[PDB]
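Heads up, the chain below is alone and in the form deposited in one PDB entry; it's given as structure tokens.
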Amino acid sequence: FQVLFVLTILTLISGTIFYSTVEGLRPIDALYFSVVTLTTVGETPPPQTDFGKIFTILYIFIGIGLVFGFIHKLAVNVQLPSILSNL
């Protein structure tokens, strides 16, 4: 749980630094982009540079599998007993 959390955070900071610099976004926006992209929500306009597109493509292939491993444990290995056992 701790390990997947670390990998997820590191993946998110890479994305924040990438998009803040190459796409010119304010860090809160580059984090938001990173997050809604790896979670496949996507409620954003696409990157506008060719370098942003290519990176986004590679980021999704590598990052999705991690982010979603993390979310299974987050809900299904921490919220579950918490919530379930009250019941």
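Sequential numbering from 1, following the sequence displayed. So that the term is clear: the rigid core is the largest set of C-alpha atoms that superpose within 1.5 Å between two forms.
For the C-alpha atoms alone, is the average B factor greater in 19 to 27 or in 65 to 73, going by the entry? According to the entry, 65 to 73 carries the higher average C-alpha B-factor.
Which has higher Cα B-factors on average according to the PDB entry: 74 to 82 or 5 to 13? So the stretch with the higher mean C-alpha B-factor is 74 to 82.
The form deposited in another entry exists for this protein as well; it is not shown, and the discussion that follows is about that form.
Core aligned, does the CA of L10 move at least 2 Å between this form and the one not shown? No, the C-alpha position differs by under 2 Å between this form and the one not shown.
Aligning on the rigid core, do we see the C-alpha of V22 shift 2 angstroms or more between this form and the one not shown? Result for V22: no, shift under 2 Å.
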